Amino acid sequence: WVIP
Amino acid sequence: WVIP
Amino acid sequence: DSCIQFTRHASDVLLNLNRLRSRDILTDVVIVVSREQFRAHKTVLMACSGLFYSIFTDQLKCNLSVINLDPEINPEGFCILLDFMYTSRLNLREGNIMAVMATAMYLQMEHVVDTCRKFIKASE
Amino acid sequence: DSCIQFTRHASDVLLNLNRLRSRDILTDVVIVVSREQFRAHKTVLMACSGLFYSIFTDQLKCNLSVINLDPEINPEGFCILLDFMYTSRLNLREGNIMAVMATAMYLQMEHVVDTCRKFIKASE
Ligand SMILES: O=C1Cc2cc(Nc3ncnc(Cl)c3Cl)ccc2N1
Ligand SMILES: O=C1Cc2cc(Nc3ncnc(Cl)c3Cl)ccc2N1
Ligand SMILES: [Cl-]
Ligand SMILES: [Cl-]
């Protein structure tokens with residue numbers, strides 16, 4: 001999971 | 001396009 | 001093999017599937033979550049959820065145009081997860097995390113369940 | 001927004017759509033290319049091809065279960081492009097590049113047309  |  | 005790979009292809013496909021969903025094109029099922037209805041493509045739901053994969057591979061349920069979810073399922077939690085299925089983006093907030101995690105557990109979306117568990121653990 | 005994004009989600013969706021295609025699950029169209037037949041999902045074909053997008057948004061053609069391609073289309077070139085649609089991997093070889101490029105032009109798959117043009121230019 002990432003900060004887009 | 002890339003070499004996978 | 002000796003194939004070449006187009007890096008953005010999977011993302012471009014999913015973007016177009018979401019555009020078809022937004023315009024209600026070739027949607028073949030309505031998911032009923034208490035008073036709320038959500039139109040979708042059975043193939044995308046199966047590709048994202050262990051629950052929908054089991055439902056639509058069933059020889060009788062594969063032909064249904066309406067699927068009713070368990071009354072304990074929260075429509076907003078479902079909406080957030082349906083948006084995630086079609087975009088890869090999850091709108092996870094303090095006010096919805098419990099409903100999102102419970103819905104992801106029911107839908108069998110293990111990567112979502114995992115990030116919800118981690119976000120909850122950090123707040124404890 | 002304040003969404004989080006699952007990096008591998010689009011690739012995982014496409015992998016599962018290809019698994020459904022391999023098991024002939026919820027395929028809703030057969031593409032006829034001379035003597036050869038290819039089963040697929042209309043939504044995936046539309047998401048990958050300008051030609052299929054135009055065909056399946058047409059109010060009469062959207063309901064057809066069989067689509068016949070132009071007789072000049074090579075079945076192997078089509079097969080390679082159908083595999084690319086469902087995997088992001090293109091099996092481009094000296095022996096098939098001309099057929100693949102012509103099929104990609106007909107199907108309106110601009111990124112494929114682009115890499116074929118570049119590979120041909122390098123060999124000149
Ligand atoms: O957490 C998750 C996400 C998910 C998706 C699916 N889907 C599929 N799996 C295998 N082959 C096929 Cl053909 C599909 Cl469609 C099944 C289980 C789970 N669990
Ligand atoms: O080279 C290409 C690949 C491609 C795909 C599509 N598909 C869609 N485009 C916009 N909205 C929607 Cl809803 C879809 Cl399905 C249209 C044109 C082209 N050209
Ligand atoms: Cl997931
Ligand atoms: Cl393309």
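Lettering follows sequence order; numbering is per chain, from 1. Read the numbers this way: they start at 1 and go in the same order the structure lists the ligands and their atoms.
- Between D/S11 and D/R8, the side chains place a donor N or O and an acceptor N or O closer than 3.5 Å (distance only, hydrogens not considered).
- A pairwise comparison of heavy atoms in D/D24 and D/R39 identifies OD1-NE, 3.0 Å as the closest pair.
- Shown are D/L69, D/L81, D/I80; of these, the side chain to side chain contact (heavy atoms under 4.5 Å, CB included) with D/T103 is made only by D/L81.
- Interatomic distance, D/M101 CE to D/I120 CD1, rounded to the nearest 0.5 Å: 3.5 Å.
- Among protein heavy atoms, atom 9 (N) of ligand 1 sits closest to D/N16 OD1, 3.7 Å.
- Looking only at protein heavy atoms, the nearest one to atom 3 (C) of ligand 1 is C/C48 O, 3.5 Å.
- Numbered from 1 in the order shown, with element, the atoms of ligand 1 that lie under 4.0 Å from a heavy atom of D/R23 read 11 (N), 13 (Cl).
- Near C/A47, meaning under 4.0 Å from one of its heavy atoms, ligand 1 places the atoms 5 (C), 15 (Cl).
- Scanning all protein heavy atoms for the shortest distance to atom 17 (C) of ligand 1 gives C/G50 CA, 3.5 Å.
- The shortest contact between atom 16 (C) of ligand 1 and any protein heavy atom is with C/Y53 CD2, 3.7 Å.
- A salt bridge does not link C/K42 to D/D28: none of the charged side-chain nitrogens sits closer than 4.0 Å to a carboxylate oxygen.
- Considering only non-hydrogen atoms, atom 7 (N) of ligand 2 lies nearest to D/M46 out of D/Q108, D/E110, D/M46.
- Under the 30°/60° scheme for interplanar angles, the aromatic rings of C/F52 and C/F78 are found to stand perpendicular.
- At a 4.0 Å heavy-atom cut-off, ligand 1 does not touch C/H111 at all.
- With a 4.5 Å cut-off on side-chain heavy atoms, C/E36 and C/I31 do not count as touching.
- Of all protein heavy atoms, the one closest to atom 13 (Cl) of ligand 1 is D/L20 CD2, 3.3 Å.
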